[PDB]
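Q: Before I ask anything, here is the structure I am working with.
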Amino acid sequence: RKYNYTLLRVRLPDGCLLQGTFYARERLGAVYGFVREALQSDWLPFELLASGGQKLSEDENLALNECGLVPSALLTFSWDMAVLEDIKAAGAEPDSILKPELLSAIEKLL
Amino acid sequence: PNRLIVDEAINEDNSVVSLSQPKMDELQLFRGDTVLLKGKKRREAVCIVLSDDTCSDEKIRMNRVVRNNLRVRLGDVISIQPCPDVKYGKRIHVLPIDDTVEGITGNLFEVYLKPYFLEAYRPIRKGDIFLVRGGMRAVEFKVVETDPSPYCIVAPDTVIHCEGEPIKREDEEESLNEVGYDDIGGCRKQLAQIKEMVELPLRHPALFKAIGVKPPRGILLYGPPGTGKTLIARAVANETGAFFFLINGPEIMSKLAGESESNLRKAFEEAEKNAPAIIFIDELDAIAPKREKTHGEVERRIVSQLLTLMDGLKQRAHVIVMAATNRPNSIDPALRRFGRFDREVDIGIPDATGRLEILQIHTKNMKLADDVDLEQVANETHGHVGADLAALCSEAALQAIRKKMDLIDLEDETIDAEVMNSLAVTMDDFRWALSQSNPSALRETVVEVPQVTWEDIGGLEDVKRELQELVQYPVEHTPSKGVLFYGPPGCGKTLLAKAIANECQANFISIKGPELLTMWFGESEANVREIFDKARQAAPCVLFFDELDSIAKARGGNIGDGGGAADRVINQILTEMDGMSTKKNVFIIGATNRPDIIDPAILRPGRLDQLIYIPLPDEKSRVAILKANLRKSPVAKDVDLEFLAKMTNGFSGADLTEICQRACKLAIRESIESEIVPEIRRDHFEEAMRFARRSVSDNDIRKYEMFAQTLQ
Amino acid sequence: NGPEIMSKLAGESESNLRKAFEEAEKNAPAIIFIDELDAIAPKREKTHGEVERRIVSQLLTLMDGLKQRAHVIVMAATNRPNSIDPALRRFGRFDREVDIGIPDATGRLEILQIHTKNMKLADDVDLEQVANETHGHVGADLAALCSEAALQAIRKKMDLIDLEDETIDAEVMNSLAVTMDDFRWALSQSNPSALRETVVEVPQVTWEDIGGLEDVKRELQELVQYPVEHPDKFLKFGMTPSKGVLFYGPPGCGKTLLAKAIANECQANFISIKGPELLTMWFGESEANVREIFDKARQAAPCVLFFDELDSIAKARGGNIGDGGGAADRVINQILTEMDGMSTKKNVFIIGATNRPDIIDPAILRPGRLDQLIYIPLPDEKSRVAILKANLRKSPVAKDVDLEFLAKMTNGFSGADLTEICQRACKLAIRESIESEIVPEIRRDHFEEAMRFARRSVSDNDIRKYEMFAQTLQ
Ligand SMILES: Nc1ncnc2c1ncn2[C@@H]1O[C@H](COP(=O)(O)OP(=O)(O)O)[C@@H](O)[C@H]1O
Ligand SMILES: Nc1ncnc2c1ncn2[C@@H]1O[C@H](COP(=O)(O)OP(=O)(O)O)[C@@H](O)[C@H]1O
Ligand SMILES: Nc1ncnc2c1ncn2[C@@H]1O[C@H](COP(=O)(O)OP(=O)(O)O)[C@@H](O)[C@H]1O
């Protein structure tokens with residue numbers, strides 16, 4: 001009987017950690033929407049990998065308590081392979097994942 | 001604070017450990033976060049933390065690979081220190097360990113390291129040793145260079161390099177292919193019993209050196225060959241760190257007088273020098289046979305030397321002696337006196353679950369095809385022990401090897417890793433091996449949890465509750481430890497004993513008429529004591545003595561020879577029952593179809609104090625019986641089971657089953673003939689009704705009802 | 001010790017045994033103790049080795065040499081008095097023997113007290129309760145319990161005060177007391193080394209423990225005490241005292257208490273032989289164990305030798321059916337022989353019991369054996385009340401408890417069944433008492449609740465069978 005909410009963290013390629021609060025029954029589409037709003041480029045396709053090695057699909061209507069992400073979990077962030085090939089081929093270093101609007105309020109972990 | 005006791009892993013993966021969620025909440029880390037673990041000798045390791053429903057609040061679950069990198073052992077304590085600063089690596093250089101790369105060549109990265117790390121995001125620290133399984137070989141690697149330091153997370157964009165000679169293992173490092181606790185399948189309870197008795201004096205010797213009270217000096221492991229008697233002894237020594245000395249009968253008996261006893265006592269002296277240590281003596285019946293069976297001086301004197309060496313263990317602190325035999329009664333009884341080898345464990349034969357676990361252990365390095373179903377194999381391999389399942393996996397591998405190697409034709413000192421990587425073992429290869437394998441433990445009784453549950457028994461709703469209360473009451477709140485069932489045959493007497501064992505997850509020990517008769521006929525009724533001792537070792541279990549009067553009937557029943565109601569075996573059963581306590585977690589159930597001629601002693605206080613009558617099923621029960629028997633088959637909607645039950649007024653449950661099987665057989669025959677219908681139709685049941693008859697007469701019911709009223 | 005001498009080579013075992021005797025004479029007075037005598041000198045007819053037959057001959061001659069070796073006594077220990085070569089027990093040599101057996105409840109307490117002489121015990125420690133719980137334990141096990149309880153107290157307190165060294169301040173040691181929890185922990189860790197062996201002891205059952213049967217209690221005193229309290233009257237009138245009595249009737253009426261109660265008042269050992277032992281002797285072809293039983297009585301004297309389940313032999317031959325013959329067999333013939341050879345002047349009285357008197361070999365009831373018959377029926381109205389009152393002597397009973405009403409309902413109950421009612425009502429009162437602290441007496445509700453679970457152990461048909469038999473005997 002211990003839990004009905006979950007806290008998620010996302011490990012970003014640029015060394016930053018993104019955190020947010022969700023219902024234990026929330027769907028994966030709301031987590032992808034949350035991350036898109038936090039990203040510098042909300043349109044740029046990406047994937048979120050769960051702590052158990054299972055990839056989370058944005059188009060799959062699964063709940064966080066069904067995906068093994070409750071009461072808490074860390075997700076691994078990666079851009080879609082299609083855009084990574086163009087970013088690397090062009091010589092563009094993806095050194096910023098999040099929007100400056102959130103980064104200006106970055107806190108240290110304790 | 002922030003410290004936990006090291007325990008066994010549930011997830012075998014080498015990059016993850018499991019904590020109880022309340023400790024992850026205190027450390028404010030989430031599932032998947034990367035943490036450092038602080039071990040002994042100022043060593044550390046990096047891993048991912050998850051949680052489960054089984055880890056103790058004050059323990060950390062980690063596998064052998066993680067413990068070896070920390071140079072810690074089960075029972076130690078480590079600190080947990082989250083390290084969120086870890087970043088992704090750019091280049092990591094990994095090289096194999098020489099001890100595992102011999103006879104194999106090719107590109108180890110493409111076969112092992114690449115799929116191991118690909119999209120796995122495993123934490124890696126410089127100096128880490130880890131195992132990658134595949135190609136029927138277990139190959140472990142060490143990390144020699146990391147661009148970030150001292151640890152990082154591997155990413156799909158991280159460069160993985162591997163050039164150079166294999167690395168030699170350090171003398172303080174153990175091979176990951178050495179037998180440990182993760183290599184033992186079934187008999188988990190027996191292993192836990194050894195842990196309680198052995199690990200404490202070896203991990204915490206100070207507790208026993210400060211006091212004059214010695215721990216158990218010897219443990220006798222007995223059971224069929226190939227069940228893990230030596231595997232447990234070695235695994236315990238390897239996990240605790242105690243020195244393991246191997247002795248066996250033939251090695252000592254092959255020596256001449258003087259040399260034999262010298263080698264035996266020399267090993268004991270070495271164990272003290274290397275204490276803590278475990279001395280394992282295999283084939284105890286060969287080194288210490290019963291003296292009345294031999295006139296040789298060598299055999300008698302070796303027993304005398306072993307008897308004194310066991311007594312000397314009160315001086316040889318922290319040395320524990322274990323031995324293996326086939327049966328506790330096949331060795332010189334002097335060894336079993338107070339002290340010495342006064343403690344024994346019955347290993348037994350793994351059940352279907354244990355056999356599956358053993359197969360899964362052996363196939364760890366095997367590449368299996370999608371059609372391979374090891375659970376189905378474990379269900380078919382009745383009578384097999386771990387030694388036979390090892391042979392089964394080997395033979396299945398060899399058949400797969402021949403099929404491909406005939407086409408590969410690689411003749412050299414080593415085999416390419418690539419050709420082994422593409423080699424898979426299919427169900428056809430296991431099926432072939434099953435046809436060639438022959439169980440080594442088919443003669444011994446196999447005892448396991450039955451598959452019969454309460455939903456398989458029609459009627460008798462009150463008897464179901466009575467049995468559940470008899471077992472639950474002494475656990476939830478002198479309670480009885482046994483019940484006698486009487487009544488007509490074919491009403492479920494045996495099923496009741498199995499169903500209560502099933503729901504309790506208890507072992508079911510089935511004794512049938514032929515076994516009771518065998519003991520009587522051969523004047524070997526002393527074997528009853530072994531049956532009761534098995535019931536204790538198998539606890540929790542249900543000890544079911546069917547056909548209690550089978551011997552009385554064999555001796556005449558209604559006429560009679562030189563005996564009457566009592567016999568050699570029932571008197572031994574009565575004797576042994578008086579020695580069993582209600583706290584032994586053994587429930588004794590009897591059954592008879594003629595309760596008027598069974599020695600009434602069995603119902604006297606302290607024995608089978610519960611007495612339950614099982615009548616023929618009534619109309620609603622007969623319908624339930626038909627539905628239970630048909631629960632596994634397609635049945636047409638035109639089948640009126642209530643109509644059948646109304647007609648079969650005098651039928652037993654066994655008689656209703658015959659009707660069901662008759663209709664089933666007819667449905668199958670019709671389907672076969674049509675192909676050369678897909679469900680059982682009323683016509684098949686109506687035909688069965690023309691031949692099925694009641695097996696229990698009205699006169700037999702009156703006999704049982706009169707008995708019931710006589711005893712109340 | 002046997003196994004050490006046997007571990008030696010031929011010639012070395014004999015020389016070493018001789019040296020011990022020669023050294024004892026030089027150091028006389030001296031005592032030579034040979035442990036595991038059955039290992040150094042096993043029965044010659046049970047072995048094949050020449051060395052084992054030789055070492056027995058060597059010990060036999062050394063024992064005979066004790067007539068010349070002044071002031072030397074040889075003692076030995078074995079597990080079973082009949083597991084050694086009988087030659088050693090012939091006149092001279094080992095002409096004396098003493099049965100040590102297993103300590104009784106009083107001795108076990110004494111052992112616990114001995115091994116706590118130096119131990120500081122807390123007020124909650126109760127060694128008498130431990131001694132009663134440690135059934136099947138011997139001195140080796142009770143000593144372990146004392147040392148283990150000491151260690152637990154030392155690790156809880158002193159190990160957090162002192163260093164890992166050999167020297168401790170006297171004040172720190174004296175400040176350490178052992179609590180009852182440490183003894184209970186050790187009790188759960190220890191396992192009795194002698195739980196299966198029969199234990200013979202003077203029982204604690206007294207006449208006040210038996211409800212009803214007032215005339216039987218007196219009759220046993222006449223049978224057991226009078227022949228030695230007033231021997232001049234038995235001689236004056238030429239009376240031959242009976243050697244024993246057989247009890248018959250329903251089970252659970254106090255037959256075990258009758259034999260124990262007279263043994264208690266007489267301060268005599270109570271030896272309880274059960275059916276399974278008589279069955280083992282017959283089936284195992286070990287009838288010589290009958291002599292062991294009667295010899296135990298002769299060595300344990302004064303004692304009461306109680307043979308329970310006398311019907312077990314007749315049942316072994318079929319009991320209700322069997323062959324066409326009688327109840328005579330090998331075991332009963334050996335038992336009857338030993339009875340005839342036993343004198344009443346050894347302070348041994350034999351009591352038998354059976355629940356099936358109709359199938360007992362009539363020979364046991366002939367003069368010189370268990371010629372007297374006592375019927376023990378189910379307790380009557382006044383006795384059932386007396387039984388309930390006796391069981392409740394150790395606990396306060398509420399004024400609302402009507403023991404006569406309960407006894408009137410339990411018309412078909414035995415004394416054993418009335419005891420369960422009292423014990424269950426006691427447990428129910430305890431359950432309430434424990435909960436009240438998270439009561440001082442047993443209330444009517446506890447007895448009425450117990451009545452819902454208690455049942456009679458003897459059926460109405462069994463009662464008629466026993467009454468008809470007793471009536472047939474007139
Ligand atoms: N309970 C078991 N669990 C896992 N493997 C087992 C078990 N019992 C036997 N085996 C396997 O069978 C073989 C046993 O052979 P061996 O080492 O001689 O031990 P023993 O003959 O004492 O069982 C090993 O390969 C071992 O892995
Ligand atoms: N109450 C019952 N419910 C369902 N099936 C029954 C029942 N009684 C007997 N049977 C059928 O009879 C068969 C034999 O039952 P079993 O308990 O082995 O009889 P017994 O105990 O007399 O040997 C079972 O396979 C079962 O299908
Ligand atoms: N007349 C009685 N008075 C008091 N207690 C009795 C009486 N009869 C039986 N009991 C109780 O019943 C228990 C069993 O008695 P026992 O004589 O051993 O029966 P059994 O016939 O089984 O040997 C005893 O422990 C005793 O406490």
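Quick note on naming: the chains in the structure tokens go A, B, ... in the order shown, residues restart at 1 in each chain, and ligands are numbered from 1 in order of appearance.
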Kindly work out which residues sit at most 6 Å from ligand 1, using only C-alpha atoms and all ligand atoms, and give the list as a count of residues only.
A: 15
Q: Could the residues of chain C within 6 Å of chain B, counting only C-alpha atoms, be given as a ChimeraX atom specification, please?
A: /C:3,6-7,47-49,144,276,316-318,321-323
Q: Taking only C-alpha atoms and all ligand atoms into account, which residues have an atom no farther than 6 Å from ligand 2? I'd like them as a PyMOL selection string.
A: chain B and resi 456-459+489-495+625+653-654+657
Q: Skip range 427-444 of chain C itself and residues of its chain fewer than 2 positions away, then list as a count of residues only all residues within 9 Å of it, counting only C-alpha atoms.
A: 17
Q: Give me, as a ChimeraX atom specification, the set of residues whose atoms come within 9 Å of any atom of ligand 3, counting only C-alpha atoms and all ligand atoms.
A: /B:604-606 /C:208-213,250-258,308,353-355,378-379,383-384,386-388,390-391,414-420
Q: Mind checking DSSP for range 70-278 of chain B and telling me the strand (DSSP E or B) residues as a PyMOL selection string?
A: chain B and resi 77-82+88+91-97+104-105+123-125+129-134+137-146+151-153+159-161+167+218-222+243-248+277-278
Q: Could you tell me which residues of chain A sit within 6 Å of chain B when counting only C-alpha atoms, and give me the result as a list in words?
A: residues 51, 72, 73 and 74 of chain A
Q: Would you mind exporting the chosen residues as a compact mmCIF listing (two decimals), in the first residue's frame, restricted to C-alpha atoms?
A:
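As written to disk, out07.txt reads:
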```txt
# COMPACT_ATOMS: atom_id res chain seq x y z
CA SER A 51 15.93 2.18 -15.88
CA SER A 72 10.45 6.98 -8.80
CA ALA A 73 12.75 6.41 -11.79
CA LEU A 74 15.60 7.88 -13.86
```
Q: Just list as a count of residues only whatever in range 282-405 of chain C DSSP marks as alpha helix (DSSP H).
A: 45
Q: Between CA of residue 581 in chain B and CA of residue 472 in chain B, what is the spacing in Å?
A: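 Computed distance, CA of residue 472 in chain B to CA of residue 581 in chain B, equals 16.4 Å.
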Q: For range 56-58 of chain A, find every residue with an atom within 7 Å (counting only C-alpha atoms), except residues of its own chain fewer than 2 positions away, and show them as a ChimeraX atom specification.
A: /A:28-29,32,48-50,54,60
Q: For the selection just defined, write its residues with N, CA and C atoms to a file, as a tab-separated table (two decimals), in the first residue's frame.
A:
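Saved as result-v4.tsv:
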```tsv
chain	number	residue	atom	x	y	z
A	28	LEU	N	2.61	7.72	-20.61
A	28	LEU	CA	3.91	8.08	-21.17
A	28	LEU	C	3.85	9.34	-22.06
A	29	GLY	N	2.75	9.57	-22.79
A	29	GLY	CA	2.55	10.78	-23.59
A	29	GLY	C	2.63	12.09	-22.80
A	32	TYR	N	6.54	12.67	-22.21
A	32	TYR	CA	7.10	13.19	-23.46
A	32	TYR	C	6.70	14.65	-23.71
A	48	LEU	N	12.95	8.17	-24.81
A	48	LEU	CA	13.26	8.02	-23.39
A	48	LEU	C	13.35	6.53	-23.04
A	49	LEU	N	14.50	6.14	-22.51
A	49	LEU	CA	14.81	4.76	-22.11
A	49	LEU	C	14.61	4.61	-20.59
A	50	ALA	N	13.83	3.62	-20.16
A	50	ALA	CA	13.57	3.37	-18.74
A	50	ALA	C	14.77	2.70	-18.05
A	54	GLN	N	14.00	-1.05	-20.85
A	54	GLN	CA	12.84	-1.01	-21.75
A	54	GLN	C	12.67	0.42	-22.28
A	60	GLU	N	2.53	4.88	-27.30
A	60	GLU	CA	1.96	3.80	-26.53
A	60	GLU	C	1.34	4.36	-25.24
```
Q: I want to know what sits within 9 Å of residue 1 in chain C, based on only C-alpha atoms, with residues of the same chain fewer than 3 positions away left out; could you give that as JSON, numbers by chain?
A: {"C": [4, 5, 6, 33, 34, 35, 36, 37, 39, 40]}
